Each structure stands twice: as C-alpha cells, then as structure tokens.
>>> print(open('input_28.tsv').read())   # TSV, N, CA and C atoms
chain	number	residue	atom	x	y	z
P	971	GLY	N	1.27	-4.58	-16.99
P	971	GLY	CA	1.55	-5.63	-16.04
P	971	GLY	C	0.54	-5.78	-14.92
P	972	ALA	N	-0.36	-4.82	-14.75
P	972	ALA	CA	-1.31	-4.89	-13.66
P	972	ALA	C	-2.39	-5.93	-13.96
P	973	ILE	N	-3.18	-6.24	-12.94
P	973	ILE	CA	-4.25	-7.22	-13.11
P	973	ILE	C	-5.33	-6.68	-14.03
P	974	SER	N	-5.46	-5.36	-14.13
P	974	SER	CA	-6.44	-4.76	-15.02
P	974	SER	C	-6.00	-3.35	-15.36
P	975	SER	N	-6.45	-2.88	-16.52
P	975	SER	CA	-6.22	-1.50	-16.93
P	975	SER	C	-7.29	-0.55	-16.42
P	976	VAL	N	-8.35	-1.07	-15.82
P	976	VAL	CA	-9.38	-0.25	-15.21
P	976	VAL	C	-9.02	-0.06	-13.75
P	977	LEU	N	-9.03	1.19	-13.30
P	977	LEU	CA	-8.50	1.50	-11.98
P	977	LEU	C	-9.53	1.24	-10.88
P	978	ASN	N	-10.79	1.59	-11.14
P	978	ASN	CA	-11.85	1.28	-10.20
P	978	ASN	C	-12.00	-0.22	-10.00
P	979	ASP	N	-11.75	-1.01	-11.04
P	979	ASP	CA	-11.85	-2.45	-10.91
P	979	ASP	C	-10.77	-3.00	-9.99
P	980	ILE	N	-9.55	-2.49	-10.11
P	980	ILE	CA	-8.49	-2.89	-9.17
P	980	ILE	C	-8.87	-2.48	-7.75
P	981	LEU	N	-9.38	-1.26	-7.60
P	981	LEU	CA	-9.76	-0.80	-6.27
P	981	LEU	C	-10.86	-1.65	-5.65
P	982	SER	N	-11.84	-2.06	-6.45
P	982	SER	CA	-12.94	-2.86	-5.95
P	982	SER	C	-12.61	-4.35	-5.87
P	983	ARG	N	-11.49	-4.78	-6.45
P	983	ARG	CA	-11.10	-6.18	-6.38
P	983	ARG	C	-10.08	-6.49	-5.30
P	984	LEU	N	-9.07	-5.64	-5.11
P	984	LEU	CA	-7.99	-5.99	-4.20
P	984	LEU	C	-8.04	-5.17	-2.92
P	985	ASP	N	-7.40	-5.71	-1.89
P	985	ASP	CA	-7.17	-5.05	-0.62
P	985	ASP	C	-6.12	-3.96	-0.79
P	986	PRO	N	-6.16	-2.92	0.04
P	986	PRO	CA	-5.32	-1.73	-0.18
P	986	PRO	C	-3.84	-2.06	-0.34
P	987	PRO	N	-3.26	-2.97	0.47
P	987	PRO	CA	-1.82	-3.23	0.30
P	987	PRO	C	-1.43	-3.71	-1.09
P	988	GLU	N	-2.23	-4.56	-1.72
P	988	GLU	CA	-1.93	-5.08	-3.05
P	988	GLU	C	-2.46	-4.19	-4.16
P	989	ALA	N	-3.59	-3.53	-3.92
P	989	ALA	CA	-4.07	-2.51	-4.84
P	989	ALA	C	-3.05	-1.39	-4.98
P	990	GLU	N	-2.28	-1.11	-3.93
P	990	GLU	CA	-1.23	-0.11	-4.05
P	990	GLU	C	-0.18	-0.54	-5.07
P	991	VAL	N	0.21	-1.81	-5.05
P	991	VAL	CA	1.19	-2.30	-6.01
P	991	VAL	C	0.64	-2.24	-7.43
P	992	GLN	N	-0.60	-2.68	-7.61
P	992	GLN	CA	-1.18	-2.66	-8.95
P	992	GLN	C	-1.35	-1.23	-9.46
P	993	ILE	N	-1.81	-0.32	-8.60
P	993	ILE	CA	-1.98	1.06	-9.02
P	993	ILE	C	-0.63	1.70	-9.29
P	994	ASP	N	0.42	1.31	-8.56
P	994	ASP	CA	1.74	1.83	-8.88
P	994	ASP	C	2.21	1.34	-10.23
P	995	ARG	N	1.88	0.10	-10.59
P	995	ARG	CA	2.21	-0.37	-11.93
P	995	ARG	C	1.51	0.48	-12.99
P	996	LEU	N	0.21	0.72	-12.81
P	996	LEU	CA	-0.51	1.55	-13.77
P	996	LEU	C	0.05	2.97	-13.81
P	997	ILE	N	0.42	3.52	-12.66
P	997	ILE	CA	0.94	4.88	-12.62
P	997	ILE	C	2.26	4.97	-13.36
P	998	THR	N	3.15	4.00	-13.14
P	998	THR	CA	4.41	4.00	-13.87
P	998	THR	C	4.17	3.91	-15.37
P	999	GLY	N	3.27	3.01	-15.78
P	999	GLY	CA	3.00	2.87	-17.21
P	999	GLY	C	2.43	4.13	-17.83
P	1000	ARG	N	1.43	4.72	-17.19
P	1000	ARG	CA	0.78	5.89	-17.76
P	1000	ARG	C	1.67	7.11	-17.71
P	1001	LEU	N	2.47	7.25	-16.66
P	1001	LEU	CA	3.43	8.33	-16.61
P	1001	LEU	C	4.47	8.19	-17.70
P	1002	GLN	N	4.90	6.97	-17.99
P	1002	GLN	CA	5.83	6.77	-19.10
P	1002	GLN	C	5.17	7.09	-20.43
P	1003	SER	N	3.88	6.79	-20.56
P	1003	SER	CA	3.16	7.16	-21.78
P	1003	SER	C	3.12	8.67	-21.96
P	1004	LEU	N	2.84	9.42	-20.89
P	1004	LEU	CA	2.91	10.88	-20.99
P	1004	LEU	C	4.31	11.36	-21.32
P	1005	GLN	N	5.33	10.79	-20.69
P	1005	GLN	CA	6.68	11.28	-20.95
P	1005	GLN	C	7.05	11.05	-22.40
P	1006	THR	N	6.70	9.88	-22.94
P	1006	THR	CA	6.96	9.61	-24.35
P	1006	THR	C	6.21	10.59	-25.24
P	1007	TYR	N	4.94	10.84	-24.94
P	1007	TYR	CA	4.16	11.75	-25.77
P	1007	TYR	C	4.73	13.15	-25.74
P	1008	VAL	N	5.14	13.62	-24.56
P	1008	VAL	CA	5.64	14.99	-24.44
P	1008	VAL	C	7.00	15.13	-25.11
P	1009	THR	N	7.88	14.13	-24.96
P	1009	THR	CA	9.16	14.19	-25.64
P	1009	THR	C	8.98	14.20	-27.15
P	1010	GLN	N	8.10	13.34	-27.66
P	1010	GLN	CA	7.84	13.28	-29.08
P	1010	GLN	C	7.24	14.59	-29.58
P	1011	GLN	N	6.33	15.18	-28.81
P	1011	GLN	CA	5.76	16.47	-29.18
P	1011	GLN	C	6.81	17.56	-29.17
P	1012	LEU	N	7.76	17.52	-28.24
P	1012	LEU	CA	8.81	18.52	-28.21
P	1012	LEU	C	9.68	18.44	-29.45
P	1013	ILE	N	10.04	17.23	-29.86
P	1013	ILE	CA	10.85	17.07	-31.06
P	1013	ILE	C	10.09	17.51	-32.30
P	1014	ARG	N	8.82	17.11	-32.41
P	1014	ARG	CA	8.01	17.53	-33.54
P	1014	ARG	C	7.81	19.04	-33.57
P	1015	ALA	N	7.66	19.66	-32.40
P	1015	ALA	CA	7.52	21.11	-32.35
P	1015	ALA	C	8.80	21.81	-32.73
P	1016	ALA	N	9.96	21.23	-32.42
P	1016	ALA	CA	11.21	21.78	-32.92
P	1016	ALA	C	11.25	21.75	-34.44
P	1017	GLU	N	10.81	20.63	-35.03
P	1017	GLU	CA	10.74	20.57	-36.49
P	1017	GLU	C	9.80	21.62	-37.06
P	1018	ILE	N	8.63	21.79	-36.43
P	1018	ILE	CA	7.67	22.78	-36.91
P	1018	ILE	C	8.22	24.19	-36.75
H	389	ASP	N	20.96	1.97	16.98
H	389	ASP	CA	21.63	3.10	16.36
H	389	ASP	C	20.67	4.20	15.90
H	390	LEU	N	19.41	4.15	16.32
H	390	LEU	CA	18.40	5.09	15.86
H	390	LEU	C	17.85	5.90	17.03
H	391	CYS	N	17.33	7.07	16.71
H	391	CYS	CA	16.61	7.91	17.66
H	391	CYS	C	15.19	8.14	17.18
H	392	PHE	N	14.27	8.23	18.14
H	392	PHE	CA	12.87	8.43	17.82
H	392	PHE	C	12.33	9.57	18.64
H	393	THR	N	11.31	10.24	18.10
H	393	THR	CA	10.67	11.32	18.85
H	393	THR	C	9.92	10.76	20.05
H	394	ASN	N	9.10	9.74	19.82
H	394	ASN	CA	8.39	9.03	20.88
H	394	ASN	C	8.17	7.59	20.44
H	395	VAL	N	7.98	6.72	21.42
H	395	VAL	CA	7.66	5.33	21.19
H	395	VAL	C	6.36	5.02	21.92
H	396	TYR	N	5.41	4.44	21.21
H	396	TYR	CA	4.14	4.01	21.79
H	396	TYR	C	4.16	2.50	21.92
H	397	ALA	N	3.92	2.00	23.13
H	397	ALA	CA	3.89	0.57	23.40
H	397	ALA	C	2.44	0.16	23.61
H	398	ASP	N	1.89	-0.57	22.64
H	398	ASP	CA	0.51	-1.02	22.69
H	398	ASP	C	0.50	-2.49	23.08
H	399	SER	N	-0.20	-2.82	24.16
H	399	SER	CA	-0.25	-4.18	24.68
H	399	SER	C	-1.68	-4.67	24.73
H	400	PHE	N	-1.88	-5.93	24.37
H	400	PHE	CA	-3.19	-6.57	24.43
H	400	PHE	C	-2.96	-8.08	24.40
H	401	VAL	N	-4.06	-8.82	24.38
H	401	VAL	CA	-4.03	-10.28	24.28
H	401	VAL	C	-5.04	-10.71	23.23
H	402	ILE	N	-4.61	-11.58	22.32
H	402	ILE	CA	-5.48	-12.19	21.33
H	402	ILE	C	-5.10	-13.66	21.20
H	403	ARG	N	-5.98	-14.44	20.57
H	403	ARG	CA	-5.71	-15.85	20.38
H	403	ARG	C	-4.72	-16.06	19.24
H	404	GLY	N	-4.42	-17.33	18.97
H	404	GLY	CA	-3.32	-17.65	18.07
H	404	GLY	C	-3.55	-17.19	16.64
H	405	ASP	N	-4.73	-17.44	16.09
H	405	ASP	CA	-4.91	-17.21	14.66
H	405	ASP	C	-5.04	-15.74	14.30
H	406	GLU	N	-5.13	-14.85	15.29
H	406	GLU	CA	-5.26	-13.43	15.02
H	406	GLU	C	-3.94	-12.67	15.12
H	407	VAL	N	-2.84	-13.35	15.46
H	407	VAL	CA	-1.54	-12.67	15.49
H	407	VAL	C	-1.15	-12.23	14.09
H	408	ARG	N	-1.49	-13.02	13.07
H	408	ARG	CA	-1.22	-12.62	11.70
H	408	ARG	C	-1.97	-11.35	11.33
H	409	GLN	N	-3.02	-11.01	12.08
H	409	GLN	CA	-3.76	-9.79	11.80
H	409	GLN	C	-3.03	-8.55	12.30
H	410	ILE	N	-1.96	-8.72	13.08
H	410	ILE	CA	-1.15	-7.58	13.54
H	410	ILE	C	-0.09	-7.36	12.46
H	411	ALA	N	-0.48	-6.64	11.43
H	411	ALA	CA	0.36	-6.36	10.28
H	411	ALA	C	-0.31	-5.27	9.45
H	412	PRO	N	0.46	-4.48	8.71
H	412	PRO	CA	-0.14	-3.35	8.00
H	412	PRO	C	-1.16	-3.81	6.97
H	413	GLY	N	-2.24	-3.05	6.87
H	413	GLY	CA	-3.25	-3.28	5.84
H	413	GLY	C	-3.89	-4.65	5.87
H	414	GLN	N	-4.14	-5.18	7.05
H	414	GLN	CA	-4.72	-6.51	7.16
H	414	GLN	C	-6.24	-6.46	7.17
H	415	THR	N	-6.84	-7.61	6.91
H	415	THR	CA	-8.27	-7.81	7.01
H	415	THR	C	-8.53	-8.97	7.96
H	416	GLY	N	-9.63	-8.87	8.70
H	416	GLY	CA	-9.99	-9.81	9.73
H	416	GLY	C	-10.69	-9.11	10.87
H	417	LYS	N	-11.07	-9.91	11.87
H	417	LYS	CA	-11.82	-9.35	12.99
H	417	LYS	C	-10.97	-8.33	13.75
H	418	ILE	N	-9.72	-8.68	14.04
H	418	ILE	CA	-8.82	-7.75	14.71
H	418	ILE	C	-8.59	-6.51	13.85
H	419	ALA	N	-8.04	-6.69	12.65
H	419	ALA	CA	-7.65	-5.55	11.84
H	419	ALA	C	-8.83	-4.73	11.37
H	420	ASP	N	-10.06	-5.22	11.54
H	420	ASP	CA	-11.24	-4.46	11.17
H	420	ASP	C	-11.94	-3.78	12.34
H	421	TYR	N	-12.12	-4.48	13.47
H	421	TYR	CA	-12.93	-3.97	14.56
H	421	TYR	C	-12.21	-3.86	15.89
H	422	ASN	N	-10.99	-4.36	16.01
H	422	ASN	CA	-10.28	-4.36	17.29
H	422	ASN	C	-9.04	-3.47	17.27
H	423	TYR	N	-8.12	-3.71	16.34
H	423	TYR	CA	-6.83	-3.01	16.38
H	423	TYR	C	-6.23	-3.00	14.98
H	424	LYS	N	-6.32	-1.86	14.31
H	424	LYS	CA	-5.88	-1.72	12.93
H	424	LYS	C	-4.55	-0.98	12.89
H	425	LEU	N	-3.57	-1.60	12.26
H	425	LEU	CA	-2.27	-0.98	12.06
H	425	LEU	C	-2.24	-0.22	10.74
H	426	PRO	N	-1.66	0.98	10.72
H	426	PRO	CA	-1.65	1.77	9.49
H	426	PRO	C	-0.83	1.09	8.41
H	427	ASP	N	-1.17	1.42	7.16
H	427	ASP	CA	-0.51	0.81	6.01
H	427	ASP	C	0.99	1.07	6.00
H	428	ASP	N	1.43	2.25	6.44
H	428	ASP	CA	2.83	2.61	6.50
H	428	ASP	C	3.37	2.55	7.93
H	429	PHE	N	2.91	1.57	8.70
H	429	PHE	CA	3.36	1.42	10.08
H	429	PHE	C	4.87	1.23	10.14
H	430	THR	N	5.52	2.00	11.00
H	430	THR	CA	6.95	1.87	11.24
H	430	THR	C	7.14	1.48	12.70
H	431	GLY	N	7.71	0.31	12.93
H	431	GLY	CA	7.93	-0.14	14.29
H	431	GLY	C	8.10	-1.64	14.34
H	432	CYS	N	8.07	-2.16	15.55
H	432	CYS	CA	8.29	-3.57	15.81
H	432	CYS	C	7.09	-4.16	16.54
H	433	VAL	N	6.72	-5.38	16.17
H	433	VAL	CA	5.62	-6.10	16.79
H	433	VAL	C	6.21	-7.27	17.56
H	434	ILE	N	5.95	-7.32	18.86
H	434	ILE	CA	6.47	-8.37	19.73
H	434	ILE	C	5.30	-9.09	20.36
H	435	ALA	N	5.35	-10.42	20.34
H	435	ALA	CA	4.33	-11.24	20.96
H	435	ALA	C	4.97	-12.51	21.49
H	436	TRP	N	4.29	-13.16	22.43
H	436	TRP	CA	4.74	-14.44	22.96
H	436	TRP	C	3.54	-15.16	23.55
H	437	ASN	N	3.59	-16.49	23.50
H	437	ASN	CA	2.47	-17.27	24.02
H	437	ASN	C	2.36	-17.12	25.52
>>> encode(input="input_28.tsv", output="structure tokens")
Amino acid sequence: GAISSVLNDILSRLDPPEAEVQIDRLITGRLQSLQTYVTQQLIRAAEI
Amino acid sequence: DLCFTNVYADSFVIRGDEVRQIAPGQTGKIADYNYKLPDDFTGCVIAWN
C-alpha cells in the first residue's frame, strides 16, 4: 500500500510526517511477511 | 483533568501565512530557520491577530 517498496526512495521523496506513515505501512507488511514465514517454518519443522 | 511536570509557554509574533507553520513536522521559513516544533509535540498552540 505504500507509495513505493524502496525505502530510501520514500525517505528522499516525502517529508518526515508522511514518510512515517509510508514507512509504517512497509514495516507492517514486512513484519507480516516474517511472521508468515516463521509460522510456516515452525509447522514444516514439526513435520520434519 | 490532567497534570503535567512542567509547561513551557513560547511566545512570538509572525505574519498570517506562517501560522500554519506552527505544527509538527512542518516545512517553511518558520519551521526551518525560526521555530521548529517536534514531530511528537504534545501541547496546545494559541494565536490571535
């Protein structure tokens, strides 16, 4: 949902108040990606 | 209904179009070189003509 998936580009494009919102969007997305990966790895490791 | 450790009252005078610059994370002559409010500023801004 952010304006870009590149983080330096958001930082160099937007002012800090709005860059904070965009970076929070990226942080939520990437943190969810890690949580999904770790949960899936835990289940697969139980199978192994 | 609130208590505070301390209150700082900052007073100055600026023209009309720079009052919008008294806000967190602003850009402009005031918010850049005169009086910058922090991004997480907690408090009240009072002005009058």
>>> closest_atom_pairs(input="input_28.tsv", of="chain P", to="chain H", cutoff="8 Å", atoms="all atoms listed in the file", output="JSON lines")
{"residue": "P:985", "atom": "C", "partner": "H:413", "partner_atom": "C", "distance": 7.1}
{"residue": "P:986", "atom": "C", "partner": "H:413", "partner_atom": "CA", "distance": 6.3}
{"residue": "P:987", "atom": "N", "partner": "H:413", "partner_atom": "CA", "distance": 5.4}
{"residue": "P:988", "atom": "N", "partner": "H:413", "partner_atom": "CA", "distance": 7.7}
>>> atom_distance(input="input_28.tsv", atom1="atom CA of residue H:418", atom2="atom C of residue H:406")
6.9 Å
>>> atom_distance(input="input_28.tsv", atom1="atom C of residue P:973", atom2="atom N of residue P:993")
9.1 Å
>>> atom_distance(input="input_28.tsv", atom1="atom CA of residue H:433", atom2="atom CA of residue P:984")
25.0 Å
>>> build_atoms(input="input_28.tsv", residues="stretch 414-430 of chain H", atoms="N, CA, C and O atoms", output="short mmCIF file (atom, residue, chain, number, x, y, z; two decimals), in the frame of the given file")
data_model
loop_
_atom_site.label_atom_id
_atom_site.label_comp_id
_atom_site.auth_asym_id
_atom_site.auth_seq_id
_atom_site.Cartn_x
_atom_site.Cartn_y
_atom_site.Cartn_z
N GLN H 414 -4.14 -5.18 7.05
CA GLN H 414 -4.72 -6.51 7.16
C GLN H 414 -6.24 -6.46 7.17
O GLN H 414 -6.85 -5.41 7.39
N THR H 415 -6.84 -7.61 6.91
CA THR H 415 -8.27 -7.81 7.01
C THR H 415 -8.53 -8.97 7.96
O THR H 415 -7.76 -9.93 8.03
N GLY H 416 -9.63 -8.87 8.70
CA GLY H 416 -9.99 -9.81 9.73
C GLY H 416 -10.69 -9.11 10.87
O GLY H 416 -10.89 -7.90 10.87
N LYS H 417 -11.07 -9.91 11.87
CA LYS H 417 -11.82 -9.35 12.99
C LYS H 417 -10.97 -8.33 13.75
O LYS H 417 -11.42 -7.22 14.04
N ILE H 418 -9.72 -8.68 14.04
CA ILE H 418 -8.82 -7.75 14.71
C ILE H 418 -8.59 -6.51 13.85
O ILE H 418 -8.96 -5.40 14.24
N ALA H 419 -8.04 -6.69 12.65
CA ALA H 419 -7.65 -5.55 11.84
C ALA H 419 -8.83 -4.73 11.37
O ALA H 419 -8.64 -3.64 10.82
N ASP H 420 -10.06 -5.22 11.54
CA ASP H 420 -11.24 -4.46 11.17
C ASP H 420 -11.94 -3.78 12.34
O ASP H 420 -12.33 -2.62 12.23
N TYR H 421 -12.12 -4.48 13.47
CA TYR H 421 -12.93 -3.97 14.56
C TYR H 421 -12.21 -3.86 15.89
O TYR H 421 -12.79 -3.31 16.84
N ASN H 422 -10.99 -4.36 16.01
CA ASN H 422 -10.28 -4.36 17.29
C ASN H 422 -9.04 -3.47 17.27
O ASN H 422 -8.92 -2.57 18.10
N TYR H 423 -8.12 -3.71 16.34
CA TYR H 423 -6.83 -3.01 16.38
C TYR H 423 -6.23 -3.00 14.98
O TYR H 423 -5.68 -4.01 14.54
N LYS H 424 -6.32 -1.86 14.31
CA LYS H 424 -5.88 -1.72 12.93
C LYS H 424 -4.55 -0.98 12.89
O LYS H 424 -4.43 0.12 13.43
N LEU H 425 -3.57 -1.60 12.26
CA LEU H 425 -2.27 -0.98 12.06
C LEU H 425 -2.24 -0.22 10.74
O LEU H 425 -2.74 -0.71 9.72
N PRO H 426 -1.66 0.98 10.72
CA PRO H 426 -1.65 1.77 9.49
C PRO H 426 -0.83 1.09 8.41
O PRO H 426 0.06 0.27 8.67
N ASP H 427 -1.17 1.42 7.16
CA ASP H 427 -0.51 0.81 6.01
C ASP H 427 0.99 1.07 6.00
O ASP H 427 1.76 0.19 5.59
N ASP H 428 1.43 2.25 6.44
CA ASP H 428 2.83 2.61 6.50
C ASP H 428 3.37 2.55 7.93
O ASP H 428 4.16 3.40 8.34
N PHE H 429 2.91 1.57 8.70
CA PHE H 429 3.36 1.42 10.08
C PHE H 429 4.87 1.23 10.14
O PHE H 429 5.43 0.41 9.41
N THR H 430 5.52 2.00 11.00
CA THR H 430 6.95 1.87 11.24
C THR H 430 7.14 1.48 12.70
O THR H 430 6.79 2.25 13.60
#
